[PDB]
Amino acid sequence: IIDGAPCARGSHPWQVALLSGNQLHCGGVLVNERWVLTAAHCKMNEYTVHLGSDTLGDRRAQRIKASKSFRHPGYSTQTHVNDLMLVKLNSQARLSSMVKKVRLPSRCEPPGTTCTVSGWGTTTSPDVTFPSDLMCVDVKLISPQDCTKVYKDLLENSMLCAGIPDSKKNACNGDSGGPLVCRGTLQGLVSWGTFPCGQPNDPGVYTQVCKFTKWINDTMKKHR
């Protein structure tokens, strides 16, 4: 997260991290005791999932191995359309005041809504700096018509743009798959942006969760 501040302690109990061993790979969100939602571009053969602490690296965090994951069938490794994936935990997450299921949306929040995006990704770019504490920034949803002016053919329908005018506040490497929450529901998963991160007036681009709830539910049903 570029130009953020630590998230409020205990306010992100549905945030997880996907690790390669104990190295950050991506963010994610806990959907239920057996499933994490993240970005398809974060696909690996196996993952370690961190839950239950705002401190990445916390010796007391819950850690669960995950062997199985399923990208949206429409995902492209070229364009990153449909950048979402479900990761199946090998054992059930232990829920508590610090480990909670995210609230998936019924509806799509409109342009101009204020939202919060979180993650443990780099706070600097191109030279990286990885934080210990979960970082947050508030960003506003940008309409497709406005966002197309910037990204043109790179933007496809189920991508949602968000940012703050003239601001570096944004997502960056290591934040993918983490949550963009607006008015109490999960509206986005971090997907992509420009490089170096934090260029003013280059929106962050998110998978628009309100377009994928049938696939999310159907896939979880199918796999257990």
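Residue indices: 1-based, along the sequence shown. If you superpose the two forms and keep the largest set of C-alpha atoms that fall within 1.5 Å, you have the rigid core.
Note on 57-65 and 22-30: with rigid core alignment, C-alpha atoms in 8 other deposited structures of this protein sit farther from this form for 57-65. Displacement analysis by core superposition in 8 other deposited structures of this protein ranks 141-149 above the other of 141-149 and 107-115 in root-mean-square C-alpha distance from the shown form. For the pair 55-63 and 185-193, the mean Cα B-factor is higher in 55-63.
When the two stretches 124-132 and 78-86 are set side by side, the higher mean Cα temperature factor goes to 124-132. Note on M159, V31, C26, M44: the highest value goes to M44, judged by CA B factor as recorded.
Annotation for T48: CA B-factor lies in the middle third of the chain's modelled residues.
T148: CA B factor in the highest third of modelled residues in this chain (values from the PDB entry). Per the deposited record, the Cα B-factor of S167 falls in the highest third when ranked against the other modelled residues of its chain. Looking at the C-alpha B-factors along this chain, the one for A93 belongs to the highest third. Among the modelled residues of its chain, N173 has a C-alpha B-factor that falls in the middle third according to the deposited record.
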